[PDB]
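Chain residues, written in single-letter form:
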Amino acid sequence: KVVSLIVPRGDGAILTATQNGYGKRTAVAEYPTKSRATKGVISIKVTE
DNA sequence: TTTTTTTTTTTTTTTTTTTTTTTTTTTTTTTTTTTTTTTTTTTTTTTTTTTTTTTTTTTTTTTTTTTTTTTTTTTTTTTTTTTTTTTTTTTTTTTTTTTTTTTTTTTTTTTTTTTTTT
């Protein structure tokens, strides 16, 4: 689990995750919840 | 009139030093070889309407393992000190300007003499 990239909030806006093999997706920053450090996974995409 | 003392430059040739001819090592320089940029056209790739059957998200409910959690003791973090490097004031040296002071060299042309080589 190599950390690919970090992005701040900035403002209410749309995140766009992507994939190696032509995978492209968009989502709103309101969806992913927040918590303290040293935590687990929030499934962002359907990989593999 | 004969004979006696002292002084130096030469017979000097050898020791010391200097001068003058030499050729190993790091810094230049010309060559070939590999990275860049602009056109033709060319099959080839690629942009954009229409239809279509698809396959993943959103009604609703479930749980469990990652999110809660408190606490011991480490160990990375910070503090002081000192060394190494970077960078900028300071100083020194050198060059150019225009009137002055000084100098120094390379060749033709002919004819005669020295001065080496064969």
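## Here we look at unusual backbone geometry
Located in the positive-phi region is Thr 38, a residue other than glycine, with phi close to 65°. Residue placement: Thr 38 occurs in the segment after β2 (27–28). Classification of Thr 38 by relative accessible area gives exposed; the value is 79%. With phi around 60°, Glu 48 is a residue other than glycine that occupies positive phi space. Mapped onto the elements of the fold, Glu 48 is located in the segment after β2. By relative accessible area, which is 99% here, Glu 48 ends up exposed.

About the cut-offs
Residues numbered from 1 in each chain as written, not as in the entry; some residues may be left out. Chains lettered and ligands numbered in written order. Part of a larger assembly, values for the part shown. Heavy atoms only, no water. Helix = DSSP H or I, 4+ residues; strand = E, 2+ residues; numbered from the N terminus. Buried < 20%, exposed > 50% of the residue type's maximum accessible area, 1.4 Å probe, protein only.

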